[PDB]
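What follows is a single structure, written as C-alpha cells, with notes after it.
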Protein chains: 2
Amino acid sequence: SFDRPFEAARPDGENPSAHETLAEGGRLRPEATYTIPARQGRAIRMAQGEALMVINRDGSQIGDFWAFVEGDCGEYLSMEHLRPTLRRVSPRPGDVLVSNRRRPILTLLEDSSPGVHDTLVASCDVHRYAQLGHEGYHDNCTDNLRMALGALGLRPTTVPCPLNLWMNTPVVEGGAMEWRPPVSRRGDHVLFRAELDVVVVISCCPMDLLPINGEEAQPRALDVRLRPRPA
Amino acid sequence: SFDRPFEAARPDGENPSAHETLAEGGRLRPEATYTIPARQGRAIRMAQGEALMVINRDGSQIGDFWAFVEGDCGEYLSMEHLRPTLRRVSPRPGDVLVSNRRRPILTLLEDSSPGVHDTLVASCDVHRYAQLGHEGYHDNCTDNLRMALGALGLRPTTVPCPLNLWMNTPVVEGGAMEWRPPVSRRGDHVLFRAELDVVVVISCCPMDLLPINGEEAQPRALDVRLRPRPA
Ligand SMILES: [Cl-]
Ligand SMILES: [Cl-]
Ligand SMILES: [Cl-]
Ligand SMILES: [Zn+2]
Ligand SMILES: [Zn+2]
C-alpha cells in the first residue's frame, strides 16, 4: 500500500552506488578499465564521438542500460521511440538509437554476442521483488539508476525503460513472454558511440529469483572502457 | 531548438484540445455518450470502480490511451511494467493493467475485436511527422496528451508510452515490425474498469501518412461512455 506520490528520483534503499563513482564526474580515463560491481549501478559521462565498451566479463550478466542528454535528464534513450525508428524490436550493429526527441543519441557499433537483448521489460524495483516473494529490501536496477545519477549530483525526472543488455526474454506466437537464461558468452562486449554528450547509466541487474542472469542465479559484475573520439 | 531542455508538458502546437473539455472537470455524466473529435485528445476523470467504454465508431481508428493516478501524474499506466506482470506483450480481457508501481490501475474487461493492440510504439509527435516528410505543424498524439491534461489544469512530468488501441504493428519472424491496417470493425469497443481514482487521456491518432488508421488514411473520432461504480 502506498501513502505518498511516486518519486522517480528517490531510491527505496541504499547500496554503495549512492556514494561510489567510477571516476570524478563519471569521466573515465583513456586506456583504463572500470567495473560496475555486481548488484550496483554507475554513471559514465561521454563526449560526442567517444565510444563505450561494455563487457560481460563472466558471460551471463544482464546490464540495464540508460542514456541521458548531458544537462537534460528529460531527454533520454527511449525504447518506445527506438522501435518505430528502426522498425525493429531490438538493435543490431550499425543501428542508430534515438532519444525521446527521435534524434540520434547513440550508435550500436559492435556486438560480439548472438545479438539477443531486450527492450520490452521495465527495470526491476522493490515492487518486483516483493511480488516474487522476497522479504525485506532487495537491490534493484531502478534504485541503482537513481543512486548512480545522484552520485553525480543529477536527478532523473522519469525512469525510462532500460535497454536490457544480454537479456533473453523471448516473445512467442500469441504474445506470451518467457524469462530465459542469456545466450552470451564470457567476455562478450557491446560498443556504443555517443552521438551527443551524454550521461550513461549501467546497472548490473541483481535478479537472483529468476534465471535471467544465468541458471545459477548468481549476479556478477560488468567491465567498461571508454575510447576517446578518433583523431 | 534542441538547445532547450525537453519539456514533457509543453505542446509543440495547438488544436481545440487545449481549450475544450468533454464535461466540466472531465467528469462525464454516467451512461451518456461523448465524442473525442478526430485528431484531438480529451481527459476523463474516473472514480475507482467506474468503467469506461471506448468505441471505435467507424472501425479503423487508433486511440492512444493513457491513465494517470488522480492527484499524481508521476504514477501512470506503464507499458514496460504491464508486460512483465502479465508475461504478455499486450493485454486481453480479464487482465489487470499495472502502473509504474506494479499495482493495479485498470482492468481490461471487454474487447469485441480480435484483440490486436500495440504497447510497443511511442505516441506520434512533431518529430515523427517531420521525419515522414510533412511540412509545418501536424496534429499529434503527444501534443494531444499535453493539451488534454492542460485543459484540466494538470501537467504531466513524463510522456508515457501509450496503449495504442486497435493499432496493428506486429513483431514478425526475425524481429522486424510492420505497419498494417487495423483488424477492428465498425463499432468495436473495449471496456476498462478503474482500480484507482484516475485521469484517463485518449487521443484520436491523426496519423494520415501511414495506413494505421485504415488504408484510406482518413482519421476519425472515437466515442466514450462511463458507467457508474457497482454496489
Ligand atoms: Cl524483472
Ligand atoms: Cl507513429
Ligand atoms: Cl526469430
Ligand atoms: Zn534488474
Ligand atoms: Zn498518434
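Please note that chains go A, B, ... in the order of the C-alpha cells, that every chain numbers its residues from 1, and that ligands are numbered from 1 in the order shown.
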| request: Residues within 12 Å of ligand 2 should be enumerated using only C-alpha atoms and all ligand atoms and returned as a PyMOL selection string. | output: (chain A and resi 80-87+102) or (chain B and resi 62+64+118+120-132+140-142+161-162+164+167-169+178-180+205-213)
Keeping only N, CA and C atoms, write the selected residues as a tab-separated table (two decimals), in the first residue's frame.
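Final output, saved to selection_15.tsv:
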```tsv
chain	number	residue	atom	x	y	z
A	80	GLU	N	10.60	3.10	-26.64
A	80	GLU	CA	9.38	3.22	-27.44
A	80	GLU	C	9.54	4.12	-28.67
A	81	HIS	N	10.58	4.95	-28.68
A	81	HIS	CA	10.96	5.72	-29.89
A	81	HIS	C	11.99	4.97	-30.77
A	82	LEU	N	12.86	4.21	-30.13
A	82	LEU	CA	13.86	3.40	-30.84
A	82	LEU	C	13.17	2.41	-31.82
A	83	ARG	N	12.10	1.79	-31.34
A	83	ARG	CA	11.44	0.73	-32.10
A	83	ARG	C	10.80	1.23	-33.40
A	84	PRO	N	9.96	2.28	-33.35
A	84	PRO	CA	9.42	2.75	-34.64
A	84	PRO	C	10.49	3.34	-35.56
A	85	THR	N	11.56	3.91	-35.02
A	85	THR	CA	12.57	4.50	-35.89
A	85	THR	C	13.31	3.38	-36.65
A	86	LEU	N	13.67	2.30	-35.97
A	86	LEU	CA	14.34	1.17	-36.62
A	86	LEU	C	13.40	0.17	-37.29
A	87	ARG	N	12.11	0.29	-37.02
A	87	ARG	CA	11.14	-0.71	-37.45
A	87	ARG	C	11.56	-2.11	-37.01
A	102	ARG	N	13.44	11.66	-30.91
A	102	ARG	CA	13.65	10.93	-32.19
A	102	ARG	C	14.90	11.39	-32.91
B	62	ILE	N	-7.32	4.47	-34.52
B	62	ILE	CA	-6.48	4.15	-33.37
B	62	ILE	C	-6.73	5.16	-32.25
B	64	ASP	N	-4.89	6.40	-28.89
B	64	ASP	CA	-3.73	6.36	-27.99
B	64	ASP	C	-4.25	6.65	-26.59
B	118	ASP	N	-1.34	-2.28	-29.83
B	118	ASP	CA	0.09	-2.13	-29.70
B	118	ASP	C	0.47	-1.50	-28.36
B	120	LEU	N	4.04	-1.16	-27.94
B	120	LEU	CA	5.49	-1.01	-28.24
B	120	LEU	C	5.88	0.38	-28.74
B	121	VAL	N	4.94	1.15	-29.31
B	121	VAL	CA	5.28	2.32	-30.13
B	121	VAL	C	4.89	3.63	-29.45
B	122	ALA	N	5.85	4.54	-29.35
B	122	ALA	CA	5.61	5.88	-28.79
B	122	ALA	C	4.48	6.61	-29.52
B	123	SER	N	3.83	7.52	-28.82
B	123	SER	CA	2.84	8.37	-29.42
B	123	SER	C	3.48	9.27	-30.47
B	124	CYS	N	2.75	9.51	-31.56
B	124	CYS	CA	3.27	10.37	-32.62
B	124	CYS	C	3.47	11.80	-32.05
B	125	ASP	N	4.37	12.52	-32.70
B	125	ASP	CA	4.79	13.84	-32.27
B	125	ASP	C	5.28	14.60	-33.49
B	126	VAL	N	5.61	15.88	-33.31
B	126	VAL	CA	6.00	16.70	-34.43
B	126	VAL	C	7.25	16.13	-35.12
B	127	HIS	N	8.11	15.48	-34.36
B	127	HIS	CA	9.36	14.97	-34.95
B	127	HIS	C	9.06	13.82	-35.87
B	128	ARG	N	8.12	12.97	-35.49
B	128	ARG	CA	7.69	11.86	-36.34
B	128	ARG	C	7.17	12.37	-37.68
B	129	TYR	N	6.30	13.39	-37.64
B	129	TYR	CA	5.72	13.92	-38.88
B	129	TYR	C	6.77	14.59	-39.74
B	130	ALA	N	7.69	15.31	-39.12
B	130	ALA	CA	8.79	15.88	-39.91
B	130	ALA	C	9.61	14.79	-40.62
B	131	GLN	N	9.87	13.69	-39.92
B	131	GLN	CA	10.66	12.59	-40.46
B	131	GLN	C	9.93	11.81	-41.56
B	132	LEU	N	8.60	11.90	-41.58
B	132	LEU	CA	7.79	11.27	-42.62
B	132	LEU	C	7.54	12.25	-43.78
B	140	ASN	N	-0.87	15.85	-33.39
B	140	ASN	CA	-0.13	14.66	-32.95
B	140	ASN	C	-0.58	14.23	-31.54
B	141	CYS	N	-0.42	12.95	-31.23
B	141	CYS	CA	-0.96	12.38	-30.00
B	141	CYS	C	-0.21	12.88	-28.80
B	142	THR	N	1.09	13.12	-28.90
B	142	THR	CA	1.84	13.65	-27.75
B	142	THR	C	1.34	15.03	-27.34
B	161	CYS	N	4.62	5.81	-22.69
B	161	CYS	CA	4.21	5.13	-23.89
B	161	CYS	C	2.69	4.93	-23.85
B	162	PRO	N	1.98	5.24	-24.94
B	162	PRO	CA	0.54	4.97	-24.95
B	162	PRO	C	0.29	3.48	-25.08
B	164	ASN	N	-1.83	1.75	-27.60
B	164	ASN	CA	-2.40	2.12	-28.89
B	164	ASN	C	-3.51	1.17	-29.24
B	167	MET	N	-4.30	-0.62	-32.84
B	167	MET	CA	-3.14	-0.49	-33.72
B	167	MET	C	-2.51	-1.85	-33.99
B	168	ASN	N	-2.29	-2.13	-35.26
B	168	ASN	CA	-1.77	-3.40	-35.76
B	168	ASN	C	-0.36	-3.22	-36.31
B	169	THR	N	0.62	-3.33	-35.41
B	169	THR	CA	2.03	-3.16	-35.76
B	169	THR	C	2.79	-4.32	-35.14
B	178	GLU	N	6.07	-4.39	-38.58
B	178	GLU	CA	5.28	-3.97	-39.75
B	178	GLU	C	4.14	-3.04	-39.39
B	179	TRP	N	3.85	-2.07	-40.24
B	179	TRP	CA	2.76	-1.12	-40.05
B	179	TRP	C	1.61	-1.54	-40.95
B	180	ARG	N	0.56	-2.10	-40.34
B	180	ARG	CA	-0.58	-2.67	-41.07
B	180	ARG	C	-1.87	-1.95	-40.71
B	205	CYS	N	-5.74	9.29	-32.91
B	205	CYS	CA	-4.48	9.46	-33.63
B	205	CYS	C	-4.70	10.08	-35.02
B	206	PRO	N	-3.99	11.19	-35.34
B	206	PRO	CA	-4.17	11.87	-36.62
B	206	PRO	C	-3.25	11.36	-37.72
B	207	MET	N	-2.60	10.22	-37.50
B	207	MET	CA	-1.66	9.69	-38.49
B	207	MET	C	-2.39	9.49	-39.81
B	208	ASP	N	-1.93	10.22	-40.81
B	208	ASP	CA	-2.51	10.15	-42.13
B	208	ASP	C	-1.47	9.92	-43.24
B	209	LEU	N	-0.24	9.59	-42.84
B	209	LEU	CA	0.84	9.26	-43.78
B	209	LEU	C	1.22	7.77	-43.74
B	210	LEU	N	0.53	6.99	-42.89
B	210	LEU	CA	0.68	5.53	-42.80
B	210	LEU	C	-0.73	4.95	-42.65
B	211	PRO	N	-0.93	3.67	-43.00
B	211	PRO	CA	-2.30	3.10	-43.02
B	211	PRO	C	-2.79	2.57	-41.68
B	212	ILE	N	-2.24	3.07	-40.59
B	212	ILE	CA	-2.58	2.53	-39.27
B	212	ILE	C	-3.96	2.91	-38.79
B	213	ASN	N	-4.53	3.99	-39.34
B	213	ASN	CA	-5.93	4.35	-39.07
B	213	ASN	C	-6.85	3.96	-40.23
```
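For the pair chain A and chain B, the all-Cα root-mean-square deviation following least-squares superposition comes to 0.5 Å.
Between atom CA of residue B:20 and atom CA of residue B:223 the interatomic distance comes to 15.7 Å.
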| task | Find the residues around residue A:160 up to 8 Å (only C-alpha atoms counted), leave out those fewer than 6 positions away in its own chain, and share them as number ranges by chain. | result | A: 66, 76-78
| task | Looking only at alpha helix (DSSP H) from DSSP on the backbone, list the matching residues of stretch 25-182 of chain A as a PyMOL selection string. | result | chain A and resi 79-86+126-131+141-151
Same residues, C-alpha atoms, output as a PDB file, in the first residue's frame:
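result-v7.pdb, freshly written:
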```
ATOM      1  CA  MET A  79      12.851   2.262 -26.157  1.00  0.00           C
ATOM      2  CA  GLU A  80       9.377   3.221 -27.442  1.00  0.00           C
ATOM      3  CA  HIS A  81      10.960   5.718 -29.888  1.00  0.00           C
ATOM      4  CA  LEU A  82      13.860   3.397 -30.839  1.00  0.00           C
ATOM      5  CA  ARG A  83      11.441   0.730 -32.101  1.00  0.00           C
ATOM      6  CA  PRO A  84       9.421   2.751 -34.644  1.00  0.00           C
ATOM      7  CA  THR A  85      12.574   4.497 -35.890  1.00  0.00           C
ATOM      8  CA  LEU A  86      14.343   1.165 -36.621  1.00  0.00           C
ATOM      9  CA  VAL A 126      11.355  -3.174  -4.820  1.00  0.00           C
ATOM     10  CA  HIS A 127       7.816  -3.953  -6.031  1.00  0.00           C
ATOM     11  CA  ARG A 128       9.027  -6.619  -8.408  1.00  0.00           C
ATOM     12  CA  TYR A 129      10.971  -8.345  -5.593  1.00  0.00           C
ATOM     13  CA  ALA A 130       8.019  -8.157  -3.154  1.00  0.00           C
ATOM     14  CA  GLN A 131       5.798  -9.751  -5.858  1.00  0.00           C
ATOM     15  CA  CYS A 141      18.058  -1.666 -11.069  1.00  0.00           C
ATOM     16  CA  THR A 142      15.661   1.236 -10.611  1.00  0.00           C
ATOM     17  CA  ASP A 143      17.339   2.193  -7.321  1.00  0.00           C
ATOM     18  CA  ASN A 144      20.758   1.703  -8.924  1.00  0.00           C
ATOM     19  CA  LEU A 145      19.766   4.215 -11.666  1.00  0.00           C
ATOM     20  CA  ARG A 146      18.572   6.686  -9.076  1.00  0.00           C
ATOM     21  CA  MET A 147      21.681   6.324  -6.963  1.00  0.00           C
ATOM     22  CA  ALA A 148      24.179   6.405  -9.848  1.00  0.00           C
ATOM     23  CA  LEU A 149      22.724   9.693 -11.134  1.00  0.00           C
ATOM     24  CA  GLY A 150      22.543  11.029  -7.571  1.00  0.00           C
ATOM     25  CA  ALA A 151      26.247  10.280  -7.057  1.00  0.00           C
TER      26      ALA A 151
END
```
| query | If you count only C-alpha atoms, which residues fall within 9 Å of stretch 91-93 of chain A, apart from same-chain ones fewer than 2 positions away, as a list in words? | reply |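 Neighbouring residues, sequence-local ones excluded: residues 82, 83, 86, 88, 89, 95, 96, 97, 107, 108, 109, 110, 111, 115, 117, 119, 190 and 191 of chain A.
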Name all residues at most 8 Å from residue B:222 (count only C-alpha atoms; drop same-chain ones fewer than 5 positions away) and give them as a short mmCIF file (atom, residue, chain, number, x, y, z; two decimals) with N, CA, C and O atoms, in the first residue's frame.
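Printed below is part-v4.cif as written:
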```cif
data_model
loop_
_atom_site.label_atom_id
_atom_site.label_comp_id
_atom_site.auth_asym_id
_atom_site.auth_seq_id
_atom_site.Cartn_x
_atom_site.Cartn_y
_atom_site.Cartn_z
N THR B 35 -17.94 12.21 -27.39
CA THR B 35 -17.08 12.04 -28.55
C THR B 35 -15.78 12.83 -28.41
O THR B 35 -15.79 14.02 -28.13
N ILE B 36 -14.68 12.12 -28.58
CA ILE B 36 -13.38 12.74 -28.72
C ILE B 36 -13.21 13.02 -30.21
O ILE B 36 -13.18 12.10 -30.99
N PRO B 37 -13.16 14.30 -30.59
CA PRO B 37 -13.09 14.59 -32.03
C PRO B 37 -11.87 14.02 -32.73
O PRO B 37 -10.81 13.78 -32.12
N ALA B 38 -12.01 13.78 -34.03
CA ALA B 38 -10.91 13.35 -34.86
C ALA B 38 -9.73 14.30 -34.67
O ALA B 38 -9.90 15.54 -34.56
N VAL B 54 -14.67 2.60 -24.61
CA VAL B 54 -14.06 3.33 -25.72
C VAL B 54 -14.49 2.61 -27.01
O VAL B 54 -14.31 1.39 -27.15
N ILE B 55 -15.15 3.36 -27.91
CA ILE B 55 -15.87 2.77 -29.04
C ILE B 55 -15.26 3.29 -30.35
O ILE B 55 -15.25 4.50 -30.61
N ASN B 56 -14.77 2.35 -31.15
CA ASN B 56 -14.22 2.64 -32.45
C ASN B 56 -15.37 2.73 -33.44
O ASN B 56 -15.67 1.77 -34.19
N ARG B 57 -16.02 3.88 -33.42
CA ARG B 57 -17.27 4.08 -34.14
C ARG B 57 -17.18 3.68 -35.62
O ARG B 57 -18.01 2.91 -36.12
N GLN B 61 -10.07 3.36 -36.53
CA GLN B 61 -9.37 4.44 -35.85
C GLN B 61 -8.53 3.94 -34.68
O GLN B 61 -9.01 3.14 -33.88
N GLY B 63 -6.85 4.66 -31.02
CA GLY B 63 -6.91 5.53 -29.86
C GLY B 63 -5.68 5.36 -29.00
O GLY B 63 -5.48 4.32 -28.41
N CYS B 204 -7.33 10.62 -30.44
CA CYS B 204 -7.68 10.06 -31.74
C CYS B 204 -6.54 10.32 -32.69
O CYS B 204 -6.37 11.43 -33.20
#
```
| request: Name the residues, by chain letter and number, that sit within 9 Å of ligand 3 using only C-alpha atoms and all ligand atoms, and give them as an MDAnalysis selection string. | output: chainID B and resid 172:175
| request: Select, from B:203, B:112, B:21, B:100, the residue with the minimum atom-to-atom distance to chain A, counting only C-alpha atoms. | output: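 Under the stated criterion, the closest residue is B:100.
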| One-decimal distance in Å that lies between atom CA of residue B:197 and atom CA of residue B:46 |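 Atom CA of residue B:46 sits 5.8 Å away from atom CA of residue B:197.
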